[PDB]
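Just the one chain here, laid out as structure tokens, in the form deposited in one PDB entry.
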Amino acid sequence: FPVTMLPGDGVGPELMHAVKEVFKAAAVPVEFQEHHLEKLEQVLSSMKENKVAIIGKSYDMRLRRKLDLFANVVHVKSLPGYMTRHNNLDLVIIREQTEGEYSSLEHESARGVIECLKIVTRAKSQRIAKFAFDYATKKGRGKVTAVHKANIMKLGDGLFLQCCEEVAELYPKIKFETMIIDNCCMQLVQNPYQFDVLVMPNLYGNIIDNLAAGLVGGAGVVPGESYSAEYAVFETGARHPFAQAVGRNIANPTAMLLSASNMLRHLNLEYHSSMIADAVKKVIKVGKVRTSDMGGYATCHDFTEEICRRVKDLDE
């Protein structure tokens, strides 16, 4: 019923607008506590009570810090109508979201000699390898591949890859592979179908999230989720700086609505989740209305308006 709503930068407020409209059309029984953009405590307590949020975009990570959103899940799944150089793809990208080079540990050791620390610990390494294998079974996935550069970063990635192999033994039902990132990146664009579930540290998840997203139709359609031990925040999967900050009434709501459906499935209103999801996927398949990013000529509320037309018709 109650969900924390962080509209975020750029078109985030516009995107979340579409979610509310669809939810009104589908008569979704969730009330959103909009919190706009210290201030994190108010949001934090909202999370502590609601335990589930939807958000747009050491900047915001201190939020991830506070709510301990250590795992990031991104679903890359081709949409039936939306045709790309890679069709019928279905992967999930599990990415550890708090460590690495993302804490802003940087100094000058001499003039023009900048040093940048990358941290990885056994605690969070395991935590995401366990999460990854939990995910894979709880969703029926076959295998999980651990991506790394442990032949160069022997201690750090090596500690990551090790924890992975330790958790891989407690889950014998699921195959376990390991692949080096520079190869795993080449493989995703030649033949992405060899992969099932990927698990990686922070920086490699930033690379593969957005590379994978391009395979399936771009930032406009690829959704994502970030989990804690208690909370679950739902967002978009491709979070590069120019993800969708460019435009007004041009943005593609496909990514957040599908993320909103996933949020409803987390809230166990699995009805509305499957309705909205199906409404979105069919509107795309018919191919009448499509936003510019998908090669169509259609405003953002044009797409949103037709989505509701379809979802209201399913209700009746």
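Shifts are known only where both forms have a C-alpha. Only the largest set of C-alpha atoms that superpose within 1.5 Å between the two forms is called the rigid core. Position 1 is the first residue in the sequence shown; the rest follow in order.
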item: Test item: residue 270 lacks coordinates in at least a third of other entries; value: no
item: Cross-entry absence of residue 60, a third or more of other PDB entries; value: no
item: Gap size, residue 38 back to residue 37 (deposited sequence, no coordinates); value: 4 to 9
item: Count class of coordinate-free deposited residues lying between the neighbours residue 57 and residue 58; value: 10 or more
item: Stretch with the greater mean C-alpha B-factor as recorded in the entry, comparing 239 to 247 against 85 to 93; value: 239 to 247
item: Mean C-alpha B-factor comparison - 165 to 173 and 201 to 209, higher one; value: 165 to 173
item: Position of residue 115 among the chain's modelled residues by C-alpha B-factor, lowest, middle or highest third; value: lowest
item: Chain thirds of CA B-factor: placement of residue 30; value: highest
item: Third assignment of residue 74 from its chain's C-alpha B-factors; value: lowest
item: Cα B factor band for residue 106 (lowest, middle or highest third within the chain); value: lowest
item: Third of chain Cα B-factors occupied by residue 262; value: middle
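If you look for the form deposited in another entry, you will not find it shown, but the lines that follow are about it.
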item: Entry of 122, 130, 118, 240 that shows, once the rigid core is matched between this form and the one not shown, a C-alpha shift of 2 Å or more; value: 240
item: CA-CA separation of residue 114 and residue 241, closer or farther in the other form than in the form shown [shift of 3 angstroms or more]; value: farther
item: Distance trend in the other form - C-alpha atoms of residue 14 and residue 246, change of 3 Å or more; value: closer
item: Segments displaced between this form and the one not shown (3 or more residues, each Cα shift of 2 Å or more, core-superposed); value: 240 to 248
